[PDB]
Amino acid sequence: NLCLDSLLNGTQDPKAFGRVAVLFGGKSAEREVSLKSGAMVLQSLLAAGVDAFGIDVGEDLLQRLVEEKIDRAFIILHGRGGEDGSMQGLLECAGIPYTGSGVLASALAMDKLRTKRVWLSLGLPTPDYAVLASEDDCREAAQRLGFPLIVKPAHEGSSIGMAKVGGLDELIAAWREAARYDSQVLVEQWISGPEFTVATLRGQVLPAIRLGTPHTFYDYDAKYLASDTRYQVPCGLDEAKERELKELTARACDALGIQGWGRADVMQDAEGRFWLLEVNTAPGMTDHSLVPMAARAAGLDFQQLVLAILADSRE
């Protein structure tokens, strides 16, 4: 449950966190988003008076880690190399405590196919889908699922490599484009209705946000470049519905082992049923970003939000 008080815990002493390294950048397709998220986190942590410094994660990372003294690592990398468990395992081997989900949870939630597979085995709702690896797999998926469809790489974020398709020819093309980012490509049935995102923080589910864009879907341009994107807090859901969405988010995150914080993306169809899309374990922290927005609705500014994430890493 949303308890503003217990959300802030190790928050009051920015000196007690030690020297904190903010890990951002990286070599994934979401690097540009990570840079903006890192600059935001580093600036807020510095203004809070924590012993913070930034590391653009690159080829010199292991050298950086042995040279600098580091008491805590705040992971704000996006995509593979940051959210997939690899950076988490590195920090565990380096004996450095870090923020967010563990190795297994991070690796699982990065894999949309494996995440959906876990969800289905627990009776949790997630759109029907197919795995695309050939033109024949596209013809099979188009036959069984109809149109429109949503094509996505399995290990991507920020809607990169994604496409809404209305025909088999558009589907084959969208499969070949996503395959440029990831040999694992999945296609989902298009859910028509409201889009919601649900942030979680230290085990607590934050107020849901309703999303809207004139674009065909919530794509890259709608997320970080456009200006006509609509964010509604509170979401227009009634009490019993927002509780249903919140309880569903908690079951979907718990099923993956999510820890510390995260953000769930959920669609709703014309009959009111919710459908789980993905879970992000190092969500964005830019100006356009949604976890900060749901935090403000909960009652925390951007400075208390990062300190709460940092304070959770102490267990």
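Start at 1 and count along the sequence shown; that's the residue number.
- Stretches 209 to 217 and 104 to 112 differ in mean CA B factor, with 209 to 217 having the higher one.
- Of the two stretches examined, 221 to 229 and 86 to 94, the record assigns the greater average C-alpha temperature factor to 221 to 229.
- Comparing C-alpha B-factors across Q268, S44, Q259, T249 in the deposited entry, the largest value falls on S44.
- Across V66, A29, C253, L277, the entry's maximum B-factor at the CA atom is seen for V66.
- Among the modelled residues of its chain, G166 has a C-alpha B-factor that falls in the middle third according to the deposited record.
- When the CA B factors of the chain's modelled residues are split into thirds, the value for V33 lands in the lowest one.
- When all modelled residues of the chain are sorted by CA temperature factor, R180 is found within the middle third.
- Among all modelled residues in its chain, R117 ranks in the lowest third by Cα B-factor.
- In the PDB entry, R139 places in the middle third of its chain by CA B-factor.
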